[PDB]
Amino acid sequence: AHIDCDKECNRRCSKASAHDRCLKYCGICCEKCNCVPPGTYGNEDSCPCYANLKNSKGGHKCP
């Protein structure tokens with residue numbers, strides 16, 4: 001089922017300069033892979049669904 005990547009991301013970038021560009025972006029990445037890791041770090045591994053989610057350049061396209 002769909003997870004609250006918005007309500008969750010709301011924390012990831014709860015105080016991020018781009019509280020929007022971040023969340024928003026997550027609002028999409030979520031669709032790509034319903035994964036929301038804690039804070040920000042290697043934790044990604046935990047949720048590769050979104051981790052593996054990168055661009056062509058090979059950089060984290062998602063926040």
# chains A, B, ... in the order shown; residues from 1 in each chain; ligands from 1

$ residues_around --residues "stretch 27-35 of chain A" --least-positions-apart "4" --cutoff "12 Å" --atoms "only C-alpha atoms" --output "PyMOL selection string"
chain A and resi 1-10+19-23+43-55+60-63

$ write_last_selection --atoms "N, CA, C and O atoms" --output "compact mmCIF listing (two decimals), in the first residue's frame"
# COMPACT_ATOMS: atom_id res chain seq x y z
N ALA A 1 0.84 -1.19 0.00
CA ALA A 1 0.00 0.00 0.00
C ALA A 1 0.88 1.25 0.00
O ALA A 1 2.07 1.17 0.33
N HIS A 2 0.28 2.37 -0.37
CA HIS A 2 0.99 3.63 -0.41
C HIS A 2 1.27 4.11 1.01
O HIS A 2 0.39 4.06 1.87
N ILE A 3 2.50 4.57 1.22
CA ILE A 3 2.90 5.07 2.52
C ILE A 3 2.94 6.60 2.49
O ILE A 3 3.03 7.20 1.43
N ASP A 4 2.86 7.18 3.68
CA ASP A 4 2.88 8.63 3.81
C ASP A 4 4.33 9.12 3.69
O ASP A 4 4.99 9.35 4.70
N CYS A 5 4.77 9.27 2.45
CA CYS A 5 6.12 9.73 2.19
C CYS A 5 6.17 11.25 2.42
O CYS A 5 7.23 11.81 2.67
N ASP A 6 5.00 11.86 2.34
CA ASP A 6 4.89 13.30 2.54
C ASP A 6 4.92 13.60 4.03
O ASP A 6 5.66 14.49 4.47
N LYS A 7 4.12 12.86 4.78
CA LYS A 7 4.05 13.05 6.22
C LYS A 7 5.38 12.64 6.84
O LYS A 7 5.79 13.21 7.86
N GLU A 8 6.03 11.67 6.22
CA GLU A 8 7.31 11.19 6.70
C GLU A 8 8.43 12.15 6.30
O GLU A 8 9.24 12.55 7.13
N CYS A 9 8.43 12.50 5.02
CA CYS A 9 9.44 13.41 4.50
C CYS A 9 9.33 14.73 5.26
O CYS A 9 10.31 15.46 5.39
N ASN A 10 8.12 15.01 5.73
CA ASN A 10 7.87 16.23 6.47
C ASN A 10 8.90 16.36 7.59
O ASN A 10 9.16 17.46 8.08
N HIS A 19 12.10 23.16 2.40
CA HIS A 19 11.03 22.40 3.01
C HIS A 19 10.01 22.00 1.95
O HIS A 19 9.24 21.06 2.15
N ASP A 20 10.04 22.72 0.84
CA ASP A 20 9.12 22.46 -0.25
C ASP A 20 9.83 21.61 -1.31
O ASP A 20 9.56 20.42 -1.44
N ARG A 21 10.73 22.26 -2.03
CA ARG A 21 11.48 21.58 -3.07
C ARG A 21 11.88 20.17 -2.61
O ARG A 21 12.02 19.26 -3.43
N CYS A 22 12.05 20.04 -1.31
CA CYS A 22 12.42 18.76 -0.73
C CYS A 22 11.19 17.87 -0.69
O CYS A 22 11.10 16.89 -1.44
N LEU A 23 10.26 18.23 0.18
CA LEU A 23 9.03 17.47 0.32
C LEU A 23 8.45 17.17 -1.06
O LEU A 23 8.32 16.01 -1.45
N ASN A 43 21.52 5.28 6.16
CA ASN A 43 20.25 4.64 6.45
C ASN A 43 19.58 4.22 5.13
O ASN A 43 18.86 3.23 5.08
N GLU A 44 19.85 5.01 4.10
CA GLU A 44 19.28 4.74 2.79
C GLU A 44 19.26 3.23 2.52
O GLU A 44 18.24 2.68 2.11
N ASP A 45 20.40 2.61 2.76
CA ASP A 45 20.53 1.17 2.55
C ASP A 45 19.25 0.48 3.03
O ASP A 45 18.68 -0.35 2.32
N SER A 46 18.84 0.83 4.24
CA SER A 46 17.64 0.25 4.82
C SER A 46 16.51 0.24 3.79
O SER A 46 15.82 -0.76 3.63
N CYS A 47 16.36 1.37 3.12
CA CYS A 47 15.32 1.51 2.10
C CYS A 47 16.00 1.78 0.76
O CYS A 47 16.17 2.94 0.37
N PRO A 48 16.37 0.67 0.07
CA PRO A 48 17.02 0.78 -1.23
C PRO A 48 16.02 1.17 -2.32
O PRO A 48 16.41 1.69 -3.36
N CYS A 49 14.76 0.91 -2.03
CA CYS A 49 13.69 1.22 -2.97
C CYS A 49 13.89 2.66 -3.46
O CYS A 49 13.75 2.94 -4.65
N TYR A 50 14.22 3.53 -2.51
CA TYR A 50 14.44 4.93 -2.83
C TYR A 50 15.93 5.23 -3.00
O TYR A 50 16.31 6.10 -3.77
N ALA A 51 16.74 4.48 -2.26
CA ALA A 51 18.18 4.65 -2.32
C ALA A 51 18.65 4.47 -3.76
O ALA A 51 19.23 5.38 -4.35
N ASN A 52 18.40 3.28 -4.29
CA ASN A 52 18.79 2.97 -5.65
C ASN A 52 18.25 4.05 -6.59
O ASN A 52 18.78 4.24 -7.69
N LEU A 53 17.21 4.72 -6.13
CA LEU A 53 16.60 5.78 -6.92
C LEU A 53 17.60 6.92 -7.11
O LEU A 53 17.82 7.72 -6.21
N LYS A 54 18.19 6.94 -8.30
CA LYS A 54 19.17 7.97 -8.62
C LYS A 54 18.98 8.42 -10.07
O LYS A 54 18.13 7.88 -10.78
N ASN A 55 19.78 9.40 -10.47
CA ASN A 55 19.70 9.92 -11.82
C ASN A 55 20.75 9.24 -12.69
O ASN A 55 21.41 8.29 -12.25
N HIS A 60 22.21 11.14 -6.24
CA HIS A 60 20.91 11.09 -5.60
C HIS A 60 20.03 12.21 -6.15
O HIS A 60 20.16 13.37 -5.75
N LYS A 61 19.14 11.83 -7.06
CA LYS A 61 18.24 12.79 -7.67
C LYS A 61 17.21 13.25 -6.63
O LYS A 61 16.76 14.40 -6.66
N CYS A 62 16.86 12.33 -5.74
CA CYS A 62 15.89 12.62 -4.70
C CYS A 62 16.65 13.15 -3.48
O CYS A 62 17.83 12.85 -3.29
N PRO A 63 15.92 13.96 -2.66
CA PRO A 63 16.51 14.54 -1.47
C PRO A 63 16.66 13.49 -0.36
O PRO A 63 17.30 12.46 -0.56

$ atom_distance --atom1 "atom CA of residue A:11" --atom2 "atom CA of residue A:39"
7.5 Å

$ atom_distance --atom1 "atom CA of residue A:42" --atom2 "atom CA of residue A:12"
13.7 Å

$ select_by_dssp --residues "chain A" --states "helix (DSSP H, G or I)" --output "MDAnalysis selection string"
chainID A and resid 5:12 19:32 42:46 48:51

$ write_last_selection --atoms "N, CA and C atoms" --output "PDB file, in the first residue's frame"
ATOM      1  N   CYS A   5       4.772   9.273   2.453  1.00  0.00           N
ATOM      2  CA  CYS A   5       6.125   9.734   2.194  1.00  0.00           C
ATOM      3  C   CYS A   5       6.169  11.246   2.424  1.00  0.00           C
ATOM      4  N   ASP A   6       4.997  11.859   2.340  1.00  0.00           N
ATOM      5  CA  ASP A   6       4.889  13.295   2.536  1.00  0.00           C
ATOM      6  C   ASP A   6       4.924  13.605   4.034  1.00  0.00           C
ATOM      7  N   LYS A   7       4.117  12.863   4.779  1.00  0.00           N
ATOM      8  CA  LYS A   7       4.048  13.048   6.219  1.00  0.00           C
ATOM      9  C   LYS A   7       5.385  12.645   6.845  1.00  0.00           C
ATOM     10  N   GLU A   8       6.027  11.672   6.217  1.00  0.00           N
ATOM     11  CA  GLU A   8       7.309  11.188   6.700  1.00  0.00           C
ATOM     12  C   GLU A   8       8.427  12.152   6.298  1.00  0.00           C
ATOM     13  N   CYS A   9       8.434  12.499   5.020  1.00  0.00           N
ATOM     14  CA  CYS A   9       9.439  13.408   4.497  1.00  0.00           C
ATOM     15  C   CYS A   9       9.330  14.733   5.256  1.00  0.00           C
ATOM     16  N   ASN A  10       8.124  15.008   5.731  1.00  0.00           N
ATOM     17  CA  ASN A  10       7.873  16.231   6.473  1.00  0.00           C
ATOM     18  C   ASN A  10       8.904  16.363   7.595  1.00  0.00           C
ATOM     19  N   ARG A  11       9.469  15.226   7.973  1.00  0.00           N
ATOM     20  CA  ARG A  11      10.467  15.201   9.029  1.00  0.00           C
ATOM     21  C   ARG A  11      11.871  15.333   8.435  1.00  0.00           C
ATOM     22  N   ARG A  12      12.125  14.531   7.412  1.00  0.00           N
ATOM     23  CA  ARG A  12      13.417  14.548   6.749  1.00  0.00           C
ATOM     24  C   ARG A  12      13.844  15.987   6.455  1.00  0.00           C
ATOM     25  N   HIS A  19      12.103  23.159   2.399  1.00  0.00           N
ATOM     26  CA  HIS A  19      11.031  22.396   3.015  1.00  0.00           C
ATOM     27  C   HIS A  19      10.008  21.995   1.950  1.00  0.00           C
ATOM     28  N   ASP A  20      10.036  22.725   0.845  1.00  0.00           N
ATOM     29  CA  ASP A  20       9.121  22.456  -0.252  1.00  0.00           C
ATOM     30  C   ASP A  20       9.832  21.609  -1.308  1.00  0.00           C
ATOM     31  N   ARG A  21      10.731  22.257  -2.034  1.00  0.00           N
ATOM     32  CA  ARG A  21      11.484  21.577  -3.074  1.00  0.00           C
ATOM     33  C   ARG A  21      11.880  20.173  -2.613  1.00  0.00           C
ATOM     34  N   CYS A  22      12.049  20.041  -1.305  1.00  0.00           N
ATOM     35  CA  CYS A  22      12.425  18.763  -0.725  1.00  0.00           C
ATOM     36  C   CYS A  22      11.185  17.867  -0.691  1.00  0.00           C
ATOM     37  N   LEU A  23      10.257  18.226   0.183  1.00  0.00           N
ATOM     38  CA  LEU A  23       9.026  17.468   0.324  1.00  0.00           C
ATOM     39  C   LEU A  23       8.453  17.172  -1.063  1.00  0.00           C
ATOM     40  N   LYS A  24       8.134  18.242  -1.776  1.00  0.00           N
ATOM     41  CA  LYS A  24       7.578  18.112  -3.112  1.00  0.00           C
ATOM     42  C   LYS A  24       8.306  16.991  -3.856  1.00  0.00           C
ATOM     43  N   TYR A  25       9.602  17.193  -4.042  1.00  0.00           N
ATOM     44  CA  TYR A  25      10.420  16.211  -4.734  1.00  0.00           C
ATOM     45  C   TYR A  25      10.165  14.803  -4.191  1.00  0.00           C
ATOM     46  N   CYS A  26       9.984  14.733  -2.880  1.00  0.00           N
ATOM     47  CA  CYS A  26       9.732  13.461  -2.226  1.00  0.00           C
ATOM     48  C   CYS A  26       8.334  12.984  -2.626  1.00  0.00           C
ATOM     49  N   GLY A  27       7.447  13.949  -2.819  1.00  0.00           N
ATOM     50  CA  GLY A  27       6.080  13.644  -3.202  1.00  0.00           C
ATOM     51  C   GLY A  27       6.041  12.850  -4.510  1.00  0.00           C
ATOM     52  N   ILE A  28       7.135  12.939  -5.251  1.00  0.00           N
ATOM     53  CA  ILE A  28       7.239  12.238  -6.520  1.00  0.00           C
ATOM     54  C   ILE A  28       8.062  10.962  -6.326  1.00  0.00           C
ATOM     55  N   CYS A  29       9.265  11.146  -5.800  1.00  0.00           N
ATOM     56  CA  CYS A  29      10.156  10.024  -5.560  1.00  0.00           C
ATOM     57  C   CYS A  29       9.361   8.921  -4.858  1.00  0.00           C
ATOM     58  N   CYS A  30       8.415   9.350  -4.036  1.00  0.00           N
ATOM     59  CA  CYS A  30       7.582   8.413  -3.302  1.00  0.00           C
ATOM     60  C   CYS A  30       6.903   7.481  -4.309  1.00  0.00           C
ATOM     61  N   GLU A  31       6.347   8.089  -5.346  1.00  0.00           N
ATOM     62  CA  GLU A  31       5.666   7.330  -6.382  1.00  0.00           C
ATOM     63  C   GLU A  31       6.636   6.348  -7.043  1.00  0.00           C
ATOM     64  N   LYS A  32       7.883   6.781  -7.152  1.00  0.00           N
ATOM     65  CA  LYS A  32       8.912   5.954  -7.759  1.00  0.00           C
ATOM     66  C   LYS A  32       9.177   4.739  -6.867  1.00  0.00           C
ATOM     67  N   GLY A  42      23.513   6.941   5.608  1.00  0.00           N
ATOM     68  CA  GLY A  42      23.607   5.624   5.004  1.00  0.00           C
ATOM     69  C   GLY A  42      22.303   4.842   5.188  1.00  0.00           C
ATOM     70  N   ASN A  43      21.519   5.285   6.159  1.00  0.00           N
ATOM     71  CA  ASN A  43      20.249   4.638   6.446  1.00  0.00           C
ATOM     72  C   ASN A  43      19.583   4.225   5.133  1.00  0.00           C
ATOM     73  N   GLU A  44      19.846   5.011   4.099  1.00  0.00           N
ATOM     74  CA  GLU A  44      19.281   4.738   2.788  1.00  0.00           C
ATOM     75  C   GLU A  44      19.261   3.231   2.522  1.00  0.00           C
ATOM     76  N   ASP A  45      20.403   2.605   2.763  1.00  0.00           N
ATOM     77  CA  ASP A  45      20.529   1.173   2.555  1.00  0.00           C
ATOM     78  C   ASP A  45      19.253   0.478   3.033  1.00  0.00           C
ATOM     79  N   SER A  46      18.840   0.833   4.240  1.00  0.00           N
ATOM     80  CA  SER A  46      17.642   0.255   4.823  1.00  0.00           C
ATOM     81  C   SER A  46      16.511   0.244   3.792  1.00  0.00           C
ATOM     82  N   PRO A  48      16.372   0.673   0.066  1.00  0.00           N
ATOM     83  CA  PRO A  48      17.025   0.784  -1.228  1.00  0.00           C
ATOM     84  C   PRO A  48      16.022   1.173  -2.316  1.00  0.00           C
ATOM     85  N   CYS A  49      14.756   0.907  -2.032  1.00  0.00           N
ATOM     86  CA  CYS A  49      13.695   1.222  -2.973  1.00  0.00           C
ATOM     87  C   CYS A  49      13.894   2.660  -3.458  1.00  0.00           C
ATOM     88  N   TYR A  50      14.220   3.529  -2.513  1.00  0.00           N
ATOM     89  CA  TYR A  50      14.440   4.931  -2.829  1.00  0.00           C
ATOM     90  C   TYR A  50      15.932   5.227  -2.997  1.00  0.00           C
ATOM     91  N   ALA A  51      16.738   4.479  -2.258  1.00  0.00           N
ATOM     92  CA  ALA A  51      18.179   4.650  -2.316  1.00  0.00           C
ATOM     93  C   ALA A  51      18.653   4.470  -3.759  1.00  0.00           C
TER      94      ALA A  51
END
